[PDB]
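Single chain ahead, written as structure tokens, the form deposited in one PDB entry.
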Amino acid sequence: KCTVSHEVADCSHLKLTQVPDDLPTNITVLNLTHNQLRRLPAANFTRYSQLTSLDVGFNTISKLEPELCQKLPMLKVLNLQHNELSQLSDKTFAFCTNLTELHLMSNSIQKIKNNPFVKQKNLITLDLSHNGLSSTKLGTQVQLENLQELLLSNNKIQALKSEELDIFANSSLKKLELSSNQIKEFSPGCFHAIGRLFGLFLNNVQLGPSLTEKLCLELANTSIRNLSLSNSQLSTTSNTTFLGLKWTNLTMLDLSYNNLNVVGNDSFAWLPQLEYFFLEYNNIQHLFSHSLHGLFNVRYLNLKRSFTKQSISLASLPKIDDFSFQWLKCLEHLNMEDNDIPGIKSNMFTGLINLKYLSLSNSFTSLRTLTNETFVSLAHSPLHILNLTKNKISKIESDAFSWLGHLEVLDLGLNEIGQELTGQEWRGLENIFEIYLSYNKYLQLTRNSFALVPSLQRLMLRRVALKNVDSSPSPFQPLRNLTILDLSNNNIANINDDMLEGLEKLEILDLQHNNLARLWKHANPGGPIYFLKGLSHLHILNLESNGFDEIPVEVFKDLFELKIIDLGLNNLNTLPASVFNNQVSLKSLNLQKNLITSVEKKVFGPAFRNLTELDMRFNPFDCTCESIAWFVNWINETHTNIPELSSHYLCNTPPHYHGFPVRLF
């Protein structure tokens, strides 16, 4: 029931009715959440009276002592959440003028006093929410000049009145929010009277096209920059909807979840500069060629799930006329995730210039094959990143990417691709760095496959079922700057020695879950297959779960830089001696769930020089002194981290020591 002291005081879930009085004086932070308090023991706090932080959570207090604030004048922040008080006097706040932040959550304050906040001026943020009110009155005269953030969510204000807001004339609110407060009418001139309002947030308030157009008129010639409005049942718009808004300078907008239906032509012609624009979770069936006329200054557009769901019975066919984007001359980021566009036309993206990033994941209901001119419309823009996952593509023809010159990232994974790479499909690419092709059906490799892309740096082929991979000229040969390669889960059978030759910049390799056990077995005709030579840069190597049972000593001859190596899930029992000698700097190892019985220092001679982590959790140990002695002694005398050392490391071979913790000799 003690409280830990780390320059802060934690009192949570102690369900104690009285504050602790044993707290050291020099601490300045107290936490009283998940506890019940009745009244203010100014005495207990006066013991320290140096706290600058103070929070009481889920606590119901009927009243507050006016004298504690002079008792503790060093306080800066206060949180009152789920507090039973609903009518407070300025008398309590006579000496509380040194606060900077005040939270009043879940208090059900039906009515405000006359001037309860006149005394204080130094606070910055004051949020009141989950309270029942009907007026914006908070003070008889103008005061509270130094407040920036005011929150009035979850309240019952009905109509804005200019006389209500006259107090903040001397100040300028940075961002006000009135969400979840059903409002119907606006007094003319109310926004002008209060002063400059940079950011206005209204959400989940029913307005409708008629009332919103009235609102747009009220906001003319006001110092607003961020207008957010959501869940307002804005089905459709006309040009007159935002006519009055053209007399200001906005920079951001929000129309999410408004279930918008149709936009008329030139509806957004009143907004010259609008840096950001969100448009998602709405139901549009048809986009007109001039519906987007007027947007010169736009940098970031979002269209995720902003179109009608396809339905054959409905035959909705959400369709876009081409040349509809020819007005966004400054766009740099576009999104079209999770729509049902039927296909790509020949002039869909005509006009875009500063485009740099385009995502089309799960966008088209039916895109079966890529043609000569499927991307002809995108000729004239410097596109860097393209995204084409989850589109059930089925086959790619040659000369498909000729248009994209500056492209450097291509993602085609998670599709339905089976064909033979003739090598002509990468024809136009010039500066690509990475290509993803994981999670597809099958590819057929040839010698003349990747010769057209010598600048590649990343290649992911995970669960792809490669065919004809063991050709005499290695199909990976033309690549030379490659650093990362993945071939996991493909269940590969055989490999030639020279499949990795002429590659020196390889950093990571990964071959887990493949079937390569046969090759390394000594009885193999032609001897063991050495596919690892000349790799003078390897850092991480993974060979989990291949079925190995025998390791020739001559495999890690060239591995001068190995840092992490994994060999779990195999069937290793007795690795040969003096195999890890060349490994100068090894910082990890993994041999879990193998069939190793005994540990000897000759094999683990240079391996155990300095390790950061080790893992040999499950093995059938023979805990007898002939070999296990080195391990038991070394474990006691070494500081290399071995998690779960006590429990999982067990032996059973000595019948007497069957199921015995090897930790205790």
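In this text, residue numbers run from 1 along the sequence as written. So that the term is clear: the rigid core is the largest set of C-alpha atoms that superpose within 1.5 Å between two forms.
If you look for the form deposited in another entry, you will not find it shown, but the lines that follow are about it.
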Exercise. Just one of 494, 134, 457, 491 has a CA that shifts 2 Å or more between this form and the one not shown on a core fit; which is it?
Worked result: 134
Exercise. Aligning on the rigid core, do we see the C-alpha of residue 511 shift 2 angstroms or more between this form and the one not shown?
Worked result: no
Exercise. If we fit on the core, is the Cα of residue 447 displaced 2 Å or more between this form and the one not shown?
Worked result: no
For this session: Examine residue 185 after superposing the rigid core and state whether its CA is displaced by 2 Å or more between this form and the one not shown.
Result: yes
